file query.txt (compact mmCIF, N, CA and C atoms)
# COMPACT_ATOMS: atom_id res chain seq x y z
N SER A 361 -1.74 1.43 -15.56
CA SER A 361 -1.25 2.18 -16.71
C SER A 361 -2.30 3.18 -17.17
N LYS A 362 -1.83 4.34 -17.65
CA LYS A 362 -2.75 5.36 -18.13
C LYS A 362 -3.62 4.83 -19.26
N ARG A 363 -3.06 3.96 -20.11
CA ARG A 363 -3.85 3.36 -21.18
C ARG A 363 -5.01 2.55 -20.62
N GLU A 364 -4.75 1.74 -19.58
CA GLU A 364 -5.81 0.93 -18.99
C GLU A 364 -6.90 1.80 -18.39
N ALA A 365 -6.51 2.75 -17.54
CA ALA A 365 -7.45 3.63 -16.83
C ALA A 365 -6.99 5.07 -17.04
N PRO A 366 -7.32 5.67 -18.18
CA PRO A 366 -6.88 7.06 -18.43
C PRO A 366 -7.40 8.04 -17.39
N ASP A 367 -8.54 7.76 -16.78
CA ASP A 367 -9.09 8.64 -15.75
C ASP A 367 -8.53 8.35 -14.36
N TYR A 368 -7.61 7.39 -14.23
CA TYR A 368 -7.08 7.06 -12.91
C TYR A 368 -6.42 8.27 -12.27
N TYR A 369 -5.51 8.93 -13.00
CA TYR A 369 -4.85 10.11 -12.45
C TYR A 369 -5.81 11.28 -12.30
N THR A 370 -6.87 11.32 -13.11
CA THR A 370 -7.89 12.35 -12.95
C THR A 370 -8.79 12.06 -11.76
N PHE A 371 -9.11 10.79 -11.53
CA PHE A 371 -9.93 10.39 -10.39
C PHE A 371 -9.08 10.13 -9.16
N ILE A 372 -8.13 9.21 -9.27
CA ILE A 372 -7.23 8.87 -8.17
C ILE A 372 -5.93 9.63 -8.39
N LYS A 373 -5.70 10.66 -7.57
CA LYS A 373 -4.48 11.45 -7.64
C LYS A 373 -3.31 10.78 -6.93
N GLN A 374 -3.53 9.63 -6.30
CA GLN A 374 -2.49 8.91 -5.56
C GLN A 374 -2.44 7.48 -6.07
N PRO A 375 -1.78 7.23 -7.20
CA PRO A 375 -1.59 5.85 -7.66
C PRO A 375 -0.69 5.09 -6.71
N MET A 376 -1.20 3.98 -6.16
CA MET A 376 -0.43 3.19 -5.21
C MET A 376 -0.95 1.75 -5.25
N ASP A 377 -0.19 0.87 -5.90
CA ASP A 377 -0.46 -0.56 -5.87
C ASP A 377 0.89 -1.28 -5.79
N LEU A 378 0.86 -2.60 -5.91
CA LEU A 378 2.08 -3.38 -5.77
C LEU A 378 3.17 -2.88 -6.71
N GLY A 379 2.79 -2.45 -7.91
CA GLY A 379 3.76 -1.87 -8.81
C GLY A 379 4.43 -0.63 -8.23
N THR A 380 3.64 0.23 -7.59
CA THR A 380 4.19 1.45 -7.00
C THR A 380 5.18 1.12 -5.89
N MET A 381 4.83 0.17 -5.01
CA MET A 381 5.76 -0.24 -3.97
C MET A 381 7.04 -0.81 -4.58
N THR A 382 6.90 -1.70 -5.56
CA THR A 382 8.07 -2.29 -6.20
C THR A 382 8.97 -1.21 -6.79
N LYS A 383 8.36 -0.18 -7.38
CA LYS A 383 9.15 0.95 -7.86
C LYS A 383 9.85 1.66 -6.71
N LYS A 384 9.16 1.80 -5.58
CA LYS A 384 9.69 2.58 -4.46
C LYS A 384 10.80 1.87 -3.69
N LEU A 385 10.89 0.54 -3.79
CA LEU A 385 11.86 -0.20 -2.98
C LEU A 385 13.27 0.38 -3.11
N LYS A 386 13.72 0.62 -4.34
CA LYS A 386 15.08 1.08 -4.59
C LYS A 386 15.26 2.59 -4.60
N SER A 387 14.41 3.32 -3.86
CA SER A 387 14.50 4.77 -3.82
C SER A 387 14.41 5.35 -2.41
N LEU A 388 14.31 4.51 -1.37
CA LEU A 388 14.42 4.95 0.02
C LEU A 388 13.32 5.97 0.37
N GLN A 389 12.08 5.47 0.38
CA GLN A 389 10.91 6.26 0.77
C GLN A 389 10.13 5.56 1.88
N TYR A 390 10.84 5.10 2.91
CA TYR A 390 10.21 4.45 4.05
C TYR A 390 10.87 4.91 5.35
N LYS A 391 10.03 5.22 6.34
CA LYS A 391 10.49 5.63 7.66
C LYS A 391 10.03 4.69 8.76
N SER A 392 8.73 4.37 8.82
CA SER A 392 8.20 3.57 9.91
C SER A 392 7.06 2.69 9.40
N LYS A 393 6.58 1.81 10.28
CA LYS A 393 5.53 0.87 9.91
C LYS A 393 4.23 1.60 9.56
N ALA A 394 3.89 2.64 10.33
CA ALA A 394 2.63 3.34 10.09
C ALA A 394 2.53 3.83 8.66
N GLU A 395 3.66 4.15 8.03
CA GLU A 395 3.64 4.55 6.63
C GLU A 395 3.04 3.45 5.76
N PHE A 396 3.54 2.22 5.90
CA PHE A 396 3.01 1.12 5.09
C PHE A 396 1.59 0.75 5.51
N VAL A 397 1.26 0.91 6.79
CA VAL A 397 -0.12 0.66 7.22
C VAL A 397 -1.07 1.61 6.50
N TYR A 398 -0.72 2.90 6.46
CA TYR A 398 -1.52 3.86 5.71
C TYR A 398 -1.54 3.52 4.23
N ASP A 399 -0.40 3.06 3.69
CA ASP A 399 -0.34 2.69 2.28
C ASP A 399 -1.36 1.61 1.96
N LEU A 400 -1.38 0.53 2.76
CA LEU A 400 -2.32 -0.56 2.49
C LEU A 400 -3.76 -0.12 2.74
N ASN A 401 -4.00 0.70 3.77
CA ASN A 401 -5.35 1.20 4.00
C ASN A 401 -5.85 1.98 2.79
N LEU A 402 -5.03 2.90 2.28
CA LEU A 402 -5.43 3.66 1.11
C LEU A 402 -5.52 2.78 -0.13
N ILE A 403 -4.73 1.71 -0.19
CA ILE A 403 -4.87 0.76 -1.29
C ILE A 403 -6.27 0.16 -1.29
N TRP A 404 -6.72 -0.30 -0.12
CA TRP A 404 -8.07 -0.84 -0.01
C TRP A 404 -9.10 0.21 -0.39
N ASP A 405 -8.93 1.43 0.12
CA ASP A 405 -9.91 2.49 -0.14
C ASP A 405 -9.98 2.82 -1.62
N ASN A 406 -8.83 2.92 -2.29
CA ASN A 406 -8.81 3.24 -3.71
C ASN A 406 -9.40 2.10 -4.54
N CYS A 407 -9.09 0.85 -4.18
CA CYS A 407 -9.67 -0.27 -4.90
C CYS A 407 -11.19 -0.26 -4.78
N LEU A 408 -11.71 0.04 -3.59
CA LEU A 408 -13.15 0.18 -3.44
C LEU A 408 -13.69 1.34 -4.26
N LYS A 409 -12.98 2.47 -4.26
CA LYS A 409 -13.50 3.69 -4.86
C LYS A 409 -13.58 3.58 -6.38
N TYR A 410 -12.50 3.12 -7.02
CA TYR A 410 -12.48 3.12 -8.48
C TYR A 410 -13.56 2.22 -9.05
N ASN A 411 -13.74 1.04 -8.48
CA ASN A 411 -14.80 0.11 -8.86
C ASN A 411 -15.78 0.04 -7.70
N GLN A 412 -16.81 0.89 -7.75
CA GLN A 412 -17.81 0.92 -6.69
C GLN A 412 -18.65 -0.35 -6.65
N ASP A 413 -18.58 -1.19 -7.68
CA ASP A 413 -19.32 -2.44 -7.69
C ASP A 413 -18.88 -3.33 -6.53
N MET A 414 -19.77 -3.52 -5.56
CA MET A 414 -19.41 -4.31 -4.38
C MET A 414 -19.15 -5.76 -4.74
N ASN A 415 -19.93 -6.32 -5.67
CA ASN A 415 -19.88 -7.74 -5.99
C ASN A 415 -18.75 -8.11 -6.95
N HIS A 416 -17.77 -7.23 -7.14
CA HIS A 416 -16.65 -7.56 -8.02
C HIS A 416 -15.63 -8.41 -7.26
N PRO A 417 -15.24 -9.57 -7.77
CA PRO A 417 -14.24 -10.39 -7.06
C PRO A 417 -12.93 -9.66 -6.79
N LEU A 418 -12.67 -8.54 -7.46
CA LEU A 418 -11.48 -7.76 -7.14
C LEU A 418 -11.52 -7.27 -5.70
N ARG A 419 -12.69 -6.82 -5.23
CA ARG A 419 -12.79 -6.39 -3.84
C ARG A 419 -12.73 -7.56 -2.88
N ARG A 420 -13.21 -8.74 -3.28
CA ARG A 420 -13.01 -9.92 -2.45
C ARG A 420 -11.53 -10.24 -2.30
N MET A 421 -10.78 -10.14 -3.40
CA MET A 421 -9.34 -10.33 -3.33
C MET A 421 -8.70 -9.27 -2.44
N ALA A 422 -9.18 -8.03 -2.54
CA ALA A 422 -8.65 -6.97 -1.69
C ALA A 422 -8.91 -7.26 -0.22
N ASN A 423 -10.09 -7.79 0.10
CA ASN A 423 -10.39 -8.18 1.48
C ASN A 423 -9.45 -9.30 1.93
N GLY A 424 -9.18 -10.26 1.05
CA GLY A 424 -8.24 -11.31 1.39
C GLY A 424 -6.86 -10.77 1.70
N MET A 425 -6.36 -9.87 0.84
CA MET A 425 -5.05 -9.27 1.09
C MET A 425 -5.06 -8.38 2.33
N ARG A 426 -6.19 -7.75 2.66
CA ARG A 426 -6.26 -6.99 3.90
C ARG A 426 -6.17 -7.91 5.11
N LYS A 427 -6.84 -9.06 5.04
CA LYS A 427 -6.70 -10.05 6.10
C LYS A 427 -5.26 -10.53 6.21
N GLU A 428 -4.60 -10.74 5.07
CA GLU A 428 -3.19 -11.12 5.09
C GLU A 428 -2.34 -10.03 5.72
N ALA A 429 -2.62 -8.77 5.41
CA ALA A 429 -1.89 -7.67 6.04
C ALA A 429 -2.06 -7.72 7.55
N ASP A 430 -3.30 -7.89 8.00
CA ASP A 430 -3.54 -8.02 9.44
C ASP A 430 -2.73 -9.18 10.01
N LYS A 431 -2.65 -10.29 9.28
CA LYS A 431 -1.97 -11.47 9.80
C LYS A 431 -0.47 -11.24 9.94
N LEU A 432 0.18 -10.75 8.88
CA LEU A 432 1.64 -10.69 8.82
C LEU A 432 2.22 -9.29 9.04
N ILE A 433 1.43 -8.33 9.53
CA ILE A 433 2.00 -7.04 9.93
C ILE A 433 2.71 -7.12 11.28
N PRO A 434 2.26 -7.94 12.26
CA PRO A 434 2.81 -7.82 13.62
C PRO A 434 4.33 -7.91 13.68
N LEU A 435 4.95 -8.54 12.69
CA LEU A 435 6.39 -8.77 12.74
C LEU A 435 7.16 -7.45 12.74
N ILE A 436 6.72 -6.48 11.95
CA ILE A 436 7.49 -5.25 11.74
C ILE A 436 7.46 -4.38 13.00
N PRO A 437 8.61 -4.05 13.58
CA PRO A 437 8.63 -3.03 14.64
C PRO A 437 8.50 -1.63 14.06
N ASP A 438 8.04 -0.72 14.91
CA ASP A 438 7.88 0.69 14.52
C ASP A 438 9.20 1.42 14.77
N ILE A 439 10.19 1.08 13.95
CA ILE A 439 11.53 1.65 14.04
C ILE A 439 11.65 2.78 13.03
N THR A 440 12.08 3.94 13.50
CA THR A 440 12.29 5.11 12.65
C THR A 440 13.76 5.20 12.28
N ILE A 441 14.02 5.46 10.99
CA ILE A 441 15.39 5.55 10.48
C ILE A 441 15.95 6.90 10.92
N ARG A 442 16.77 6.89 11.97
CA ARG A 442 17.40 8.09 12.48
C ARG A 442 18.85 8.14 12.01
N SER A 443 19.23 9.24 11.36
CA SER A 443 20.59 9.39 10.89
C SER A 443 21.56 9.37 12.06
N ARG A 444 22.72 8.73 11.86
CA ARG A 444 23.72 8.65 12.91
C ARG A 444 24.08 10.03 13.44
N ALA A 445 24.10 11.04 12.57
CA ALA A 445 24.40 12.39 13.01
C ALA A 445 23.35 12.89 14.00
N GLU A 446 22.07 12.66 13.71
CA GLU A 446 21.01 13.11 14.60
C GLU A 446 21.11 12.43 15.96
N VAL A 447 21.31 11.11 15.96
CA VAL A 447 21.40 10.38 17.22
C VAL A 447 22.62 10.82 18.01
N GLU A 448 23.75 11.03 17.33
CA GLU A 448 24.95 11.47 18.02
C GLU A 448 24.77 12.86 18.61
N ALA A 449 24.12 13.77 17.87
CA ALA A 449 23.86 15.10 18.40
C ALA A 449 22.94 15.04 19.61
N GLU A 450 21.90 14.19 19.54
CA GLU A 450 21.00 14.04 20.68
C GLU A 450 21.74 13.49 21.89
N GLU A 451 22.62 12.51 21.68
CA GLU A 451 23.41 11.97 22.78
C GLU A 451 24.32 13.03 23.38
N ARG A 452 24.98 13.82 22.52
CA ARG A 452 25.89 14.85 23.01
C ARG A 452 25.13 15.90 23.82
N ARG A 453 23.96 16.32 23.34
CA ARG A 453 23.14 17.24 24.12
C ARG A 453 22.74 16.61 25.45
N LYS A 454 22.35 15.33 25.42
CA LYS A 454 22.10 14.60 26.66
C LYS A 454 23.37 14.48 27.49
N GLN A 455 24.50 14.21 26.83
CA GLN A 455 25.78 14.07 27.51
C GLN A 455 26.44 15.42 27.71
N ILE A 564 -10.44 -10.17 -20.95
CA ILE A 564 -11.32 -10.06 -19.79
C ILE A 564 -11.83 -11.44 -19.39
N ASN A 565 -11.72 -12.40 -20.32
CA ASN A 565 -12.09 -13.77 -19.99
C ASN A 565 -11.21 -14.33 -18.89
N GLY A 566 -9.94 -13.93 -18.84
CA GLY A 566 -9.09 -14.33 -17.74
C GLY A 566 -9.60 -13.83 -16.40
N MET A 567 -10.03 -12.56 -16.36
CA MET A 567 -10.60 -12.02 -15.13
C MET A 567 -11.89 -12.74 -14.77
N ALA A 568 -12.71 -13.06 -15.77
CA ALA A 568 -13.94 -13.80 -15.51
C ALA A 568 -13.65 -15.17 -14.91
N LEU A 569 -12.66 -15.87 -15.46
CA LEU A 569 -12.29 -17.18 -14.91
C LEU A 569 -11.72 -17.05 -13.51
N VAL A 570 -10.93 -16.01 -13.26
CA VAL A 570 -10.39 -15.79 -11.92
C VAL A 570 -11.53 -15.57 -10.93
N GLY A 571 -12.51 -14.76 -11.30
CA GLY A 571 -13.67 -14.56 -10.44
C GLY A 571 -14.46 -15.84 -10.23
N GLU A 572 -14.60 -16.65 -11.28
CA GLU A 572 -15.30 -17.92 -11.15
C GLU A 572 -14.59 -18.83 -10.16
N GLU A 573 -13.26 -18.91 -10.24
CA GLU A 573 -12.51 -19.74 -9.31
C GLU A 573 -12.59 -19.18 -7.89
N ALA A 574 -12.56 -17.86 -7.75
CA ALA A 574 -12.71 -17.26 -6.43
C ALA A 574 -14.06 -17.61 -5.82
N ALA A 575 -15.13 -17.57 -6.63
CA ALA A 575 -16.44 -17.96 -6.14
C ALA A 575 -16.47 -19.45 -5.78
N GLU A 576 -15.88 -20.29 -6.62
CA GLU A 576 -15.86 -21.73 -6.35
C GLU A 576 -15.01 -22.07 -5.14
call {"tool": "encode", "arguments": {"input": "query.txt", "output": "structure tokens"}}
result
Amino acid sequence: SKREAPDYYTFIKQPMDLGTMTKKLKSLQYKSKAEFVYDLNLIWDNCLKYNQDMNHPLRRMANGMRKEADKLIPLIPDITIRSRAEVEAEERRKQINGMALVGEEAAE
């Protein structure tokens, strides 16, 4: 939220976190797997960039989620959404205390 990080849009011109994906689900902004791969890569990069502090448990959590992405990405095929018209035409042409406690538990 702009209130939380007013400089986010000034620093990070590409807001993209789980909230952004959840917003995007019902608006048809997906073509192939590489899109989401880039999304998660930039998510990691932005999380590192905004808080340059290496020792923040937020980046440890980000590393955990990156490992999870590596684990459970293989399922998705690289299928591109081709409109039936395009395929038919081609065929025809062919045819902060809470955060502190969370960090403490992550360390423990």
call {"tool": "atom_distance", "arguments": {"input": "query.txt", "atom1": "atom C of residue 385 (chain A)", "atom2": "atom N of residue 441 (chain A)"}}
result
15.0 Å
call {"tool": "axis_aligned_box", "arguments": {"input": "query.txt", "around": "region 384-394 of chain A", "padding_each_side": "4 Å", "output": "lines of an AutoDock Vina configuration file"}}
result
center_x = 8.9
center_y = 3.0
center_z = 2.4
size_x = 20.7
size_y = 14.5
size_z = 23.9
call {"tool": "atom_distance", "arguments": {"input": "query.txt", "atom1": "atom C of residue 565 (chain A)", "atom2": "atom C of residue 382 (chain A)"}}
result
26.9 Å
call {"tool": "closest_residue", "arguments": {"input": "query.txt", "among": "A:424, A:370, A:567, A:574", "to": "residue 410 (chain A)", "atoms": "only C-alpha atoms"}}
result
A:370
call {"tool": "atom_distance", "arguments": {"input": "query.txt", "atom1": "atom N of residue 440 (chain A)", "atom2": "atom C of residue 397 (chain A)"}}
result
15.1 Å
call {"tool": "residues_near_point", "arguments": {"input": "query.txt", "point": "(-10.9, -4.8, -1.9)", "cutoff": "6 Å", "atoms": "only N, CA and C atoms", "output": "JSON, numbers by chain"}}
result
{"A": [404, 407, 408, 418, 419, 420, 421, 422, 423]}
call {"tool": "select_by_dssp", "arguments": {"input": "query.txt", "residues": "chain A", "states": "alpha helix (DSSP H)", "output": "PyMOL selection string"}}
result
chain A and resi 368-371+378-385+393-410+417-432+444-454+565-575
call {"tool": "build_atoms", "arguments": {"input": "query.txt", "residues": "region 415-438 of chain A", "atoms": "N, CA, C and O atoms", "output": "PDB file, in the coordinates of the input"}}
result
ATOM      1  N   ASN A 415     -19.930  -6.320  -5.670  1.00  0.00           N
ATOM      2  CA  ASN A 415     -19.880  -7.740  -5.990  1.00  0.00           C
ATOM      3  C   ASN A 415     -18.750  -8.110  -6.950  1.00  0.00           C
ATOM      4  O   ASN A 415     -18.775  -9.204  -7.516  1.00  0.00           O
ATOM      5  N   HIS A 416     -17.770  -7.230  -7.140  1.00  0.00           N
ATOM      6  CA  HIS A 416     -16.650  -7.560  -8.020  1.00  0.00           C
ATOM      7  C   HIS A 416     -15.630  -8.410  -7.260  1.00  0.00           C
ATOM      8  O   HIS A 416     -15.183  -8.000  -6.179  1.00  0.00           O
ATOM      9  N   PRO A 417     -15.240  -9.570  -7.770  1.00  0.00           N
ATOM     10  CA  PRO A 417     -14.240 -10.390  -7.060  1.00  0.00           C
ATOM     11  C   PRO A 417     -12.930  -9.660  -6.790  1.00  0.00           C
ATOM     12  O   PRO A 417     -12.148 -10.125  -5.952  1.00  0.00           O
ATOM     13  N   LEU A 418     -12.670  -8.540  -7.460  1.00  0.00           N
ATOM     14  CA  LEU A 418     -11.480  -7.760  -7.140  1.00  0.00           C
ATOM     15  C   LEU A 418     -11.520  -7.270  -5.700  1.00  0.00           C
ATOM     16  O   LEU A 418     -10.504  -7.306  -4.991  1.00  0.00           O
ATOM     17  N   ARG A 419     -12.690  -6.820  -5.230  1.00  0.00           N
ATOM     18  CA  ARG A 419     -12.790  -6.390  -3.840  1.00  0.00           C
ATOM     19  C   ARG A 419     -12.730  -7.560  -2.880  1.00  0.00           C
ATOM     20  O   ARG A 419     -12.240  -7.404  -1.752  1.00  0.00           O
ATOM     21  N   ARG A 420     -13.210  -8.740  -3.280  1.00  0.00           N
ATOM     22  CA  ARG A 420     -13.010  -9.920  -2.450  1.00  0.00           C
ATOM     23  C   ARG A 420     -11.530 -10.240  -2.300  1.00  0.00           C
ATOM     24  O   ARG A 420     -11.056 -10.564  -1.203  1.00  0.00           O
ATOM     25  N   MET A 421     -10.780 -10.140  -3.400  1.00  0.00           N
ATOM     26  CA  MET A 421      -9.340 -10.330  -3.330  1.00  0.00           C
ATOM     27  C   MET A 421      -8.700  -9.270  -2.440  1.00  0.00           C
ATOM     28  O   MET A 421      -7.777  -9.566  -1.677  1.00  0.00           O
ATOM     29  N   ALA A 422      -9.180  -8.030  -2.540  1.00  0.00           N
ATOM     30  CA  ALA A 422      -8.650  -6.970  -1.690  1.00  0.00           C
ATOM     31  C   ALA A 422      -8.910  -7.260  -0.220  1.00  0.00           C
ATOM     32  O   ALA A 422      -8.059  -6.998   0.637  1.00  0.00           O
ATOM     33  N   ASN A 423     -10.090  -7.790   0.100  1.00  0.00           N
ATOM     34  CA  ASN A 423     -10.390  -8.180   1.480  1.00  0.00           C
ATOM     35  C   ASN A 423      -9.450  -9.300   1.930  1.00  0.00           C
ATOM     36  O   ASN A 423      -8.977  -9.298   3.072  1.00  0.00           O
ATOM     37  N   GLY A 424      -9.180 -10.260   1.050  1.00  0.00           N
ATOM     38  CA  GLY A 424      -8.240 -11.310   1.390  1.00  0.00           C
ATOM     39  C   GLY A 424      -6.860 -10.770   1.700  1.00  0.00           C
ATOM     40  O   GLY A 424      -6.232 -11.140   2.693  1.00  0.00           O
ATOM     41  N   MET A 425      -6.360  -9.870   0.840  1.00  0.00           N
ATOM     42  CA  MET A 425      -5.050  -9.270   1.090  1.00  0.00           C
ATOM     43  C   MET A 425      -5.060  -8.380   2.330  1.00  0.00           C
ATOM     44  O   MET A 425      -4.036  -8.266   3.007  1.00  0.00           O
ATOM     45  N   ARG A 426      -6.190  -7.750   2.660  1.00  0.00           N
ATOM     46  CA  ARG A 426      -6.260  -6.990   3.900  1.00  0.00           C
ATOM     47  C   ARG A 426      -6.170  -7.910   5.110  1.00  0.00           C
ATOM     48  O   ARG A 426      -5.501  -7.590   6.101  1.00  0.00           O
ATOM     49  N   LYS A 427      -6.840  -9.060   5.040  1.00  0.00           N
ATOM     50  CA  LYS A 427      -6.700 -10.050   6.100  1.00  0.00           C
ATOM     51  C   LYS A 427      -5.260 -10.530   6.210  1.00  0.00           C
ATOM     52  O   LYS A 427      -4.735 -10.714   7.314  1.00  0.00           O
ATOM     53  N   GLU A 428      -4.600 -10.740   5.070  1.00  0.00           N
ATOM     54  CA  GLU A 428      -3.190 -11.120   5.090  1.00  0.00           C
ATOM     55  C   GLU A 428      -2.340 -10.030   5.720  1.00  0.00           C
ATOM     56  O   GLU A 428      -1.397 -10.329   6.468  1.00  0.00           O
ATOM     57  N   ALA A 429      -2.620  -8.770   5.410  1.00  0.00           N
ATOM     58  CA  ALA A 429      -1.890  -7.670   6.040  1.00  0.00           C
ATOM     59  C   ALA A 429      -2.060  -7.720   7.550  1.00  0.00           C
ATOM     60  O   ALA A 429      -1.089  -7.639   8.303  1.00  0.00           O
ATOM     61  N   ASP A 430      -3.300  -7.890   8.000  1.00  0.00           N
ATOM     62  CA  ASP A 430      -3.540  -8.020   9.440  1.00  0.00           C
ATOM     63  C   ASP A 430      -2.730  -9.180  10.010  1.00  0.00           C
ATOM     64  O   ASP A 430      -2.183  -9.073  11.118  1.00  0.00           O
ATOM     65  N   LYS A 431      -2.650 -10.290   9.280  1.00  0.00           N
ATOM     66  CA  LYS A 431      -1.970 -11.470   9.800  1.00  0.00           C
ATOM     67  C   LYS A 431      -0.470 -11.240   9.940  1.00  0.00           C
ATOM     68  O   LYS A 431       0.114 -11.496  10.996  1.00  0.00           O
ATOM     69  N   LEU A 432       0.180 -10.750   8.880  1.00  0.00           N
ATOM     70  CA  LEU A 432       1.640 -10.690   8.820  1.00  0.00           C
ATOM     71  C   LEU A 432       2.220  -9.290   9.040  1.00  0.00           C
ATOM     72  O   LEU A 432       3.398  -9.077   8.745  1.00  0.00           O
ATOM     73  N   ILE A 433       1.430  -8.330   9.530  1.00  0.00           N
ATOM     74  CA  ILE A 433       2.000  -7.040   9.930  1.00  0.00           C
ATOM     75  C   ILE A 433       2.710  -7.120  11.280  1.00  0.00           C
ATOM     76  O   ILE A 433       3.702  -6.401  11.478  1.00  0.00           O
ATOM     77  N   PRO A 434       2.260  -7.940  12.260  1.00  0.00           N
ATOM     78  CA  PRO A 434       2.810  -7.820  13.620  1.00  0.00           C
ATOM     79  C   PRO A 434       4.330  -7.910  13.680  1.00  0.00           C
ATOM     80  O   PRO A 434       4.941  -7.409  14.634  1.00  0.00           O
ATOM     81  N   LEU A 435       4.950  -8.540  12.690  1.00  0.00           N
ATOM     82  CA  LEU A 435       6.390  -8.770  12.740  1.00  0.00           C
ATOM     83  C   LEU A 435       7.160  -7.450  12.740  1.00  0.00           C
ATOM     84  O   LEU A 435       8.157  -7.314  13.462  1.00  0.00           O
ATOM     85  N   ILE A 436       6.720  -6.480  11.950  1.00  0.00           N
ATOM     86  CA  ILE A 436       7.490  -5.250  11.740  1.00  0.00           C
ATOM     87  C   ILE A 436       7.460  -4.380  13.000  1.00  0.00           C
ATOM     88  O   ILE A 436       6.378  -4.002  13.458  1.00  0.00           O
ATOM     89  N   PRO A 437       8.610  -4.050  13.580  1.00  0.00           N
ATOM     90  CA  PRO A 437       8.630  -3.030  14.640  1.00  0.00           C
ATOM     91  C   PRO A 437       8.500  -1.630  14.060  1.00  0.00           C
ATOM     92  O   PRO A 437       8.795  -1.377  12.890  1.00  0.00           O
ATOM     93  N   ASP A 438       8.040  -0.720  14.910  1.00  0.00           N
ATOM     94  CA  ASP A 438       7.880   0.690  14.520  1.00  0.00           C
ATOM     95  C   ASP A 438       9.200   1.420  14.770  1.00  0.00           C
ATOM     96  O   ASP A 438       9.339   2.264  15.661  1.00  0.00           O
TER      97      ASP A 438
END
